[PDB]
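Before any questions on how it binds or moves, here is one chain, the form deposited in one PDB entry, in structure tokens.
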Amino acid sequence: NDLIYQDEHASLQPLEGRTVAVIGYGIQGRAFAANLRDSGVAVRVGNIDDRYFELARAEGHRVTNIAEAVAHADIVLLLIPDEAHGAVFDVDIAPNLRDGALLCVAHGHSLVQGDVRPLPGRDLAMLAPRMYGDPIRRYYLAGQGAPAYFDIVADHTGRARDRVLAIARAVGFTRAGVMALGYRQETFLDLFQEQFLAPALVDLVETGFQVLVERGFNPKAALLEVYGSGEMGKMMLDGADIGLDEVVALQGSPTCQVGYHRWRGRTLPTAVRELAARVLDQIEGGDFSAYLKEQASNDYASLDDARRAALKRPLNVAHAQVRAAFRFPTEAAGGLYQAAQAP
């Protein structure tokens, strides 16, 4: 039933002689810009006057204001925060978007809210990666890719689909798989992962730490076991490949497997499933959308306070103590986004 594109279902032919304007040079923008350039696609970056403008210049990109980038582009990727879409679309994009040009968003939220809208004579699409920037870039350089969902919202040209999938191939998403999914469903899925799953996973790791520390366990050891060692991370990432219960079957001692299966499906009270439903209601009904616009109206002042408050929590105090005392294995990220060969 599902429509999933891999390398055999896309080509770079539709990008021959075309310029892509990458609007934004943040988590997504930098990854798209780097992968597109290395794939032999003509890229220019449109960015406001901030640290990202200078980074784009530092990493060898042709950088201008947003309006000028859009004016000289056949394809425009709008890779800036979703609350900024409305103003940038109205002022910078819509007036400068050429006849037959394609506009892409990496998240359906601005489409659901009507902040980005179809324009006569132009194509509108969602190409939404299921991964953040650093892994999109590392996977690409390894001849691999992150998954993505796509939706052709408007297709005046009749060539929107092949151009979207050509971008997807150039950035490496088709090496994993690019699946058709409506922008509205993508929005709700995406916000659910960020508002229920991620907070609940960290809350669970934190609960583990807090209980162990209170029961007289060495705080450094407690932190390492609940995530600091990387073991829980490796389980979840290896789990993505072969399956979560399968990782336990293959890599777990009999003691570990017996323990795991004793409590598997018995740890959570019904209230967690009930909360998941409540979070979806806030996301679908407009409650979250209103909450977000209030938080954005102050240049995310509340968010800055929350971020600084989070670093004071015992879990993050213990993290700093563990990281100073134990060396964690990491790859050098220095030249990660500088020019490379097509893999």
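Quick note: we count residues from 1 along the sequence shown, nothing fancier.
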Inset, instruction - Check the entry's C-alpha temperature factors for 110 to 118 and 234 to 242, then say which stretch has the higher mean. - result: 110 to 118
Legend entry - Between 73 to 81 and 90 to 98 (mean CA B-factor, as deposited), the higher: 90 to 98
Inset, instruction - Report the option among 55, 33, 318, 311 whose CA atom has the maximum B-factor in the deposited record. - result: 311
Inset, instruction - Name the third of the chain's ranked CA B-factors that contains residue 138, choosing lowest, middle or highest. - result: middle
Legend entry - Chain third (lowest, middle, highest) by recorded CA B-factor, residue given as residue 214: highest
Legend entry - Third assignment of residue 275 from its chain's C-alpha B-factors: highest
Inset, instruction - Report the third (lowest, middle or highest) to which the CA temperature factor of residue 293 belongs, ranking only the modelled residues of the same chain. - result: highest
Inset, instruction - Using the B-factors in the PDB entry, rank residue 301's C-alpha atom against the chain and give the third, lowest, middle or highest. - result: highest
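As for the form deposited in another entry, it is not shown, yet the points below apply to it.
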Legend entry - Selected hinge residue, 208, 237, 131, 119 [rigid parts, motion between the shown form and the other one]: 237
